[PDB]
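>>> This one's experimental. Sequence and coordinates below.
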Amino acid sequence: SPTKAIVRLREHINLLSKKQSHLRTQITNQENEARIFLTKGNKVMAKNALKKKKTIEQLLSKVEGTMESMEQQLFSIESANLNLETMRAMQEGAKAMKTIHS
């Protein structure tokens, strides 16, 4: 059923939002690593920690983009159901017109 499909998509998004929070935390951690090297004076390793920060940022974008795709599919399903209800409404309007003509 499309309701079950929606529930599953929400379940996948929830798991991805756990990955999101993890990766956002890792981004802060990689920044902190770089800041530690900056206070040590090792700008080379600080830049390398920022390279790792950017790597996690790219992974975060992948997770967030995946959730977007799942939401688009989810909303498409809900929209399809709203279109079926709009169709039903139009069919009852047609029935009213049939009564007017009859």
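Arrived safely, thanks for sending. Numbering: from 1, shown residues only.
>>> Residue 17 against residue 70, yeah?
No: contact criterion C-beta atoms under 8 Å: residue 17 and residue 70 do not qualify, at 10.5 Å. Where C-beta positions appear, they are placed from N, C-alpha and C, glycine not excepted.
>>> These two - which one has more neighbours?
In this comparison of residue 17 against residue 70, neighbours counted by other C-beta atoms under 10 Å, the higher total goes to residue 70 at 17 against 13.
>>> Find the helix or strand that the more buried one is a member of.
helix 43-101 (DSSP states H and E).
>>> Now do that helix: which elements does it pack against?
Identification of packing neighbours for helix 43-101 by 3 or more C-beta pairs under 8 Å, 6 or more residues apart in numbering; DSSP states H and E yields helix 2-40.
>>> Can you check what angle separates the helix it packs on from helix 43-101?
Here the directions of helix 2-40 and helix 43-101 differ by 160 degrees (axes from the mean of the first three to the mean of the last three C-alpha atoms, to 10 degrees).
>>> Pull out the buried positions in helix 2-40.
For helix 2-40, a neighbour-count test (16 or more other C-beta atoms under 10 Å) marks 6, 9, 12-13, 16, 19-20, 23, 26-27, 30-31, 33-34, 37 as buried.
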